[PDB]
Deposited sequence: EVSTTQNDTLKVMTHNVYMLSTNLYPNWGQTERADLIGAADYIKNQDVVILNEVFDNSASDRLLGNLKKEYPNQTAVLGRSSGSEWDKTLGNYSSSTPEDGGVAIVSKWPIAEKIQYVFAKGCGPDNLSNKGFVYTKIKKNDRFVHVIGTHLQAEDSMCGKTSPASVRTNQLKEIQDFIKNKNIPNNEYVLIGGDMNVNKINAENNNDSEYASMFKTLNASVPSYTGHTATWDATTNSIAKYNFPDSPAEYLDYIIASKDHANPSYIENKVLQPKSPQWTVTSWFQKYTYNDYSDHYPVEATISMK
C-alpha cells in the first residue's frame, strides 16, 4: 500500500487584523482545487481566521469528512486530550488542523511551552485507520524566524510526546508542517539547523522531488508582495519517525499549483493574485 499525506500552510490570517487578504474566497478556491485532492491525510497550517478556516474545512468535508478542530481554538471534548501550555485567553489560535478520508481514532492537541501568548502554537496528533492499518500523523507549525533555539525546544516536545505515547514500533509515525527550518544550501552541513531537525525528532530524510522551495518570492505572487527580495526558502516537510515503522520509500514533492485569479482592494488600490497561499504545498508519498 501507499500512504498519501499533504501539508499546506494556507496563509489564512485573521480578517480582524488583515481584512483584505481574500481569505474567504481562497477558502473556496483551495476547497475546489485539484492539487489538494486524492490524499489520505491533509495537514493545514495558518487556518487562523475562524470563519474562513471553518469555510475551508466545510469545503473539504465531501472528500475529507474526518476532521479535527483547529489547534488552540477550544479545549472541550472535540479533543481527546488538551496538552501543554493551552490558554483560552490567547488572541489567536494555533492555526493547525488535520482532515482525512479515513476514520480518526484519536485526536490530541498540544500547545508549545516556549515561543519568541500571541498564538497557541503547537501540534495536533491523530491516530488514523487506513485499510486495517493504524497510522499516526502529527501536524505542526513552528516558531518563525534565538528563533532556532526555540524551534529545537518545540521539536523536543514533539519527540518526547511520541515516545511517551507508546506507539507500536511497527506502525508509521509522521511529523509534518511548516517547520521554519531552511533546507536551502544546508543539505551539506551536518551542523546546520536542517540537520539538527532530523536528530531531535529522530526522523529519516525523505527523497525530494518537485519545485526547489516551499516559500518562493521569485515564483509566488503573495510572497513576492510581502518579501520581494527575500531569497526562496525550503521550510515545509513531512517525515517519518525512525523509532517506529521505517518506510522503504518516502517522498516529499513540492507542488506549484496556481489558483484562478482573485482580486482584493487595499487602500483604494486593487490587487490581483493567482496563488492559494504564499507557501506551496508538499505532497508526501509513503510506501508501506
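Exercise for the section: Extract from the deposited sequence all ranges with no corresponding C-alpha coordinates, numbering residues from 1. Expected result: Model skips 1 to 7, 124 to 126, 156 to 162, 306 of the deposited chain.
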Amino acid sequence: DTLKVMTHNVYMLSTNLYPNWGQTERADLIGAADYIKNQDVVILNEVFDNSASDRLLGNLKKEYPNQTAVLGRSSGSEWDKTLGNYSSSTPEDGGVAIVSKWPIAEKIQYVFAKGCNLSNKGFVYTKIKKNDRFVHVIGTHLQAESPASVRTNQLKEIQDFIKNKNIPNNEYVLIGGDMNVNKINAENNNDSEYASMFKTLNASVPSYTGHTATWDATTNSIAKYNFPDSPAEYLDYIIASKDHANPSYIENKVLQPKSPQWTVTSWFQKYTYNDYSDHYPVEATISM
From here on, numbers count along this sequence of modelled residues.
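Exercise for the section: Pick between 37 to 45 and 230 to 238: the one whose mean CA B-factor in the entry is higher. Expected result: Per the PDB entry, the higher value belongs to 230 to 238.
Handout entry: Segment of higher mean CA temperature factor, 129 to 137 or 71 to 79
Key = So the stretch with the higher mean C-alpha B-factor is 129 to 137.
Handout entry: Criterion, highest CA B-factor; candidates, 189, 164, 85, 143
Key = So the option with the highest C-alpha B-factor is 189.
Practice task
Determine which member of 109, 180, 117, 154 has the highest CA B-factor, using the values in the deposited entry.
Solution key: Of 109, 180, 117, 154, 117 has the highest C-alpha B-factor.
Practice task
Compare the C-alpha B factor of residue 224 with those of the other modelled residues in its chain, then answer lowest, middle or highest third.
Solution key: It falls in the top third of the chain.
Exercise for the section: Select lowest, middle or highest to describe the third in which the CA B-factor of residue 288 falls within its chain in this entry. Expected result: Answer is highest: the recorded C-alpha B-factor places it there.
Exercise for the section: Looking at the entry's B-factor column for C-alpha atoms only, identify whether residue 65 ranks in the lowest, middle or highest third of its chain. Expected result: As the PDB entry reports it, the C-alpha B-factor of residue 65 lands in the lowest third of its chain.
Problem - residue 95, C-alpha B-factor rank within chain (lowest, middle or highest third) - result: Lowest third, going by the recorded CA B-factors of the chain.
Practice task
Using the B-factors in the PDB entry, rank residue 261's C-alpha atom against the chain and give the third, lowest, middle or highest.
Solution key: Tercile = highest for this residue's CA B-factor.
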